[PDB]
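Enquirer:
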Amino acid sequence: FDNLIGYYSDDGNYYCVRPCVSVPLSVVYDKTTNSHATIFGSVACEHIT
Amino acid sequence: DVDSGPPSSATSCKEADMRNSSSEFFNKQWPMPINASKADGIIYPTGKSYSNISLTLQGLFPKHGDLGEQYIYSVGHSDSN
Ligand SMILES: *[C@@H]1O[C@H](CO)[C@@H](O[C@@H]2O[C@H](CO)[C@@H](O)[C@H](O)[C@H]2NC(C)=O)[C@H](O)[C@H]1NC(C)=O
Ligand SMILES: *[C@@H]1O[C@H](CO)[C@@H](O[C@@H]2O[C@H](CO)[C@@H](O)[C@H](O)[C@H]2NC(C)=O)[C@H](O)[C@H]1NC(C)=O
Ligand SMILES: *[C@@H]1O[C@H](CO)[C@@H](O)[C@H](O)[C@H]1NC(C)=O
């Protein structure tokens, strides 16, 4: 698709170029108790902290 | 402009033995056609590189099975002894 994938830098290391990504969001909501929680889909907590 | 160096001081040129393409001296035909399965005569893209993909590119490529034109460079006449 003519997008940048790799780059041969001047230091001698090949690198992989990936687009900048954002974590998915899901919100579970309860109307009766008025309480909510968030879900970070398919990502561990060590990436959240 | 750019200086090309000194001109040639030789006032005499050298005689060449001209033979046409059907002079029984240059009609030895080794075909060597273009084979796309070996990627014969493929010019790489100028400022990009690709890895482990197959791509349909539009550009300037030779035809498959093209025999082309064969040119032979010979050695001039010289004395046996
Ligand atoms: C061989 O050819 C080169 C280029 O045709 C000559 O280099 C040029 O030399 C002249 C002086 O005679 C300079 O003014 C040019 O700038 C040179 N050009 C380049 C590209 O180098 C070279 O002199 C020739 N050598 C001999 C022995 O004939
Ligand atoms: C180059 O590409 C081929 C095909 O796209 C890759 O082969 C695949 O490898 C995975 C992982 O082993 C397999 O699950 C697939 O079945 C393979 N597909 C085919 C068609 O063989 C290959 O791994 C790639 N090589 C590199 C170094 O990235
Ligand atoms: C072109 O190359 C492939 C693989 O090297 C070979 O199998 C095929 O015979 C070649 N084509 C011809 C016309 O010889």
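Keeping their order, the protein sequence lines are chains B and C.
Taking PDB author numbering, the leading residue of the first sequence gets 639, the next gets one more, and so forth.
Taking PDB author numbering, the leading residue of the second sequence gets 18, the next gets one more, and so forth.
In this text, a Cβ means the ideal position worked out from N, Cα and C, and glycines have one as well.
Between the alpha carbons of B:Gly-679 and B:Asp-648, how many angstroms are there, rounded?
Expert: C-alpha separation (whole angstroms): 37 Å.
Enquirer: Identify, in the order they occur along the chain, each residue of the same chain with its Cβ nearer than 8 Å to the Cβ of B:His-674, setting aside the five sequence neighbours on each side.
Expert: Within the same chain, B:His-674 has close Cβ partners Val-665, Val-666, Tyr-667, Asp-668.
Enquirer: Quick check: what's the CA-CA separation for B:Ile-686 versus B:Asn-651?
Expert: Cα to Cα, B:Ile-686 sits roughly 29 Å from B:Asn-651.
Enquirer: Give me, in chain order, the residues of the same chain whose beta-carbon lies closer than 7 Å to that of C:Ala-33; leave out the 5 immediate sequence neighbours on both sides.
Expert: For C:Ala-33, where only same-chain residues beyond five positions count, there are no Cβ hits under 7 Å.
Enquirer: Count the CB pairs spanning the region 43–50 of chain C and the region 64–77 of chain C that are closer than 8 Å, and state whether there are at least three.
Expert: The region 43–50 of chain C is not in contact with the region 64–77 of chain C.
Enquirer: In whole angstroms, what separates the C-alpha of C:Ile-51 from that of C:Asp-57?
Expert: Distance between the alpha carbons of C:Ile-51 and C:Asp-57 is about 6 Å.
Enquirer: Given this structure, state the Cα-to-Cα distance separating B:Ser-660 from B:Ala-682, to the nearest angstrom.
Expert: Their backbone Cα atoms lie some 14 Å apart in a straight line.
Enquirer: For C:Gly-85 and C:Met-49, what's the separation of their Cα atoms in angstroms?
Expert: Rounded to whole angstroms, C:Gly-85 to C:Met-49 spans 8 Å at the Cα level.
Enquirer: For ligand 3, is there any heavy atom lying closer than 7 Å to the beta carbon of residue 12 of chain C?
Expert: Past the boundaries of the shown model lies residue 12 of chain C; chain C is included only from 18 to 98, so the question cannot be answered.
Enquirer: From residue 13 of chain C to C:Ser-26, what distance separates their C-alpha atoms?
Expert: The structure shown does not extend to residue 13 of chain C, since chain C is modelled only from 18 to 98, so the question has no answer here.
Enquirer: Between B:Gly-644, B:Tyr-645, B:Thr-676, B:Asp-640, which lies nearest to B:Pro-662 when the distance is taken from Cα to Cα?
Expert: Taking only the C-alpha atoms, the option nearest B:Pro-662 is B:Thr-676.
Enquirer: Assign C:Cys-30 to one of three DSSP states: helix, strand, or coil.
Expert: If DSSP states are grouped into helix, strand and coil, C:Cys-30 belongs with coil.
Enquirer: Pull up the distance between the alpha-carbon of C:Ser-21 and that of C:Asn-98, whole angstroms please.
Expert: Each residue's Cα considered, the two are about 39 Å apart.
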